Amino acid sequence: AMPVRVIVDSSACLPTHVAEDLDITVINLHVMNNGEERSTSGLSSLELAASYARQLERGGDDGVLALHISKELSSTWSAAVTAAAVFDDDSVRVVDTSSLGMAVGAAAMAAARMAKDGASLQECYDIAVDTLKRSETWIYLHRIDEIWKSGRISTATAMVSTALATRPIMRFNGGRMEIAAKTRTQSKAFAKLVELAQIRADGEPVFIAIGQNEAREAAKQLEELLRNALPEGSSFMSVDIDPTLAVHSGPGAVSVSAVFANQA
Ligand SMILES: CCCCCCCCCCCCCCCC(=O)O
């Protein structure tokens, strides 16, 4: 048997050389630059059928695990489930992530490593699900213009962009996007983020991926802050926020994807 093959989309934010080293297939989400405005698009079921069949062929049909952006942020999952039903029962297993970014990238790396040791599809599936259940995703927005126009803030969350404050920490819970702090300076926002991750760590080492979009310096300052505050033996990785997501986060955005010892 050939190892199970792992596929994510670009929203997972895996660095290119990591995806390459671990043989994780990356499919890019769409950015349309037409006229002045940028917009984005999920993956169609047709592109996923092609992408999955190609990984099945390559892995001698011993299984594909697919990990895509949350079904509440994108039509991708819905396309993935349609493409997966085109193959024999359980050739393609679609993880229902309720997440995006390196919480998903992390689940994919754990699944790829297990696949490498000959783990079955079900077993790679379980590792991926367990990594996600123990993750959190926070985002610092340096401005709220692009998040507001994205359609991913429910009106229950904020009826008017004013309700977001000016530099909030956002968090994903149950797939959906929430305000974790109505902060107004980067300093206060970072301090609060560090606070939340620290509580959530609960004295145990954490794995952390810090994402940035045009915020290289800021992401460095935040990492430094998190190093001092998080339990000893925590590890830190840097990633670039997928340009598809950067369309909706705006410039200056910094994300923290964390995997913890325990459940929430
Ligand atoms: C931890 C990752 C960084 C956070 C990125 C900012 C918030 C992104 C909001 C969702 C946009 C999803 C666009 C996906 C493509 C699409 O379906 O059109």
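Note that each Cβ is placed from the backbone with ideal geometry, even for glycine, and that neighbours are counted across all protein chains shown. The numbers here are math on the coordinates, done by the rules we state, and not lab data.
The table that follows gives values for the structure above.
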{"quantity": "Output for the range 211-242, where each listed residue is within 20 Å of the chain's Cα centre (by Cα), part of a helix (DSSP H, G or I) and more than 18 Å from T137 (Cβ to Cβ)", "calculated": "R216, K220"}
{"quantity": "Residue match in the range 42-52 (condition: buried (at least 18 other Cβ atoms within 10 Å of the Cβ), away from the ligand (no atom under 16 Å from the Cβ) and closer than 20 Å to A107 by Cα)", "calculated": "yes"}
{"quantity": "Of all residues in the range 19-41 being more than 18 Å from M114 (Cβ to Cβ) and acidic (D, E), the one that is nearest to the ligand (Cβ to nearest atom)", "calculated": "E37"}
{"quantity": "Leading residue by the ranking (nearest to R200 (Cα to Cα)) among those in the range 125-135 that are in a helix (DSSP H, G or I) and away from the ligand (no atom under 14 Å from the Cβ)", "calculated": "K133"}
{"quantity": "The range 98-123, subset assigned to a loop (DSSP other than H, G, I, E, B), out of contact with any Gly (no Cβ under 8 Å at 6 or more places or on another chain) and not acidic (D, E), residue surrounded by the most Cβ atoms within 10 Å (Cβ to Cβ)", "calculated": "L100"}
{"quantity": "Sole residue being within 13 Å of the ligand (Cβ to nearest atom), assigned to a helix (DSSP H, G or I) and either in contact (Cβ under 8 Å) with a residue 12 or more places away in the chain or not acidic (D, E) (or both), chosen from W138, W148", "calculated": "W148"}
{"quantity": "All positions within the range 162-187 that are in a loop (DSSP other than H, G, I, E, B) and either more than 13 Å from the ligand (Cβ to nearest atom) or of a type in the set (F, W, Y) (or both)", "calculated": "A165, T166, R167, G174, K182, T183, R184, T185"}
{"quantity": "Unmet requirement for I208, which otherwise passes all of (1) under 26 Å from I147 (Cα atoms); (2) more than 13 Å from the chain's Cα centre (by Cα); (3) of a type in the set (A, V, I, L, M, F, W, C)", "calculated": "(2)"}
{"quantity": "Matching residues in the range 237-247 - criterion: being over 14 Å from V26 (Cβ atoms) and surrounded by fewer than 20 Cβ atoms within 10 Å (Cβ to Cβ)", "calculated": "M237, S238"}
{"quantity": "Qualifying positions in the range 78-97 - assigned to a loop (DSSP other than H, G, I, E, B) and either of a type in the set (D, E, K, R) or surrounded by fewer than 20 Cβ atoms within 10 Å (Cβ to Cβ) (or both)", "calculated": "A85, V86, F87, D88, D89, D90, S91, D96"}
{"quantity": "Residue match in the range 93-100 (condition: without any contact (Cβ under 8 Å) to a residue 60 or more places away in the chain, farther than 28 Å from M237 by Cα and either away from the ligand (no atom under 15 Å from the Cβ) or among the charged types (D, E, K, R) (or both))", "calculated": "no"}
{"quantity": "Qualifying positions in the range 194-210 - in a helix (DSSP H, G or I), within 21 Å of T131 (Cβ to Cβ) and in contact with a helix residue (DSSP H, G or I) (Cβ under 7 Å, 6 or more places away or on another chain)", "calculated": "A197, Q198"}
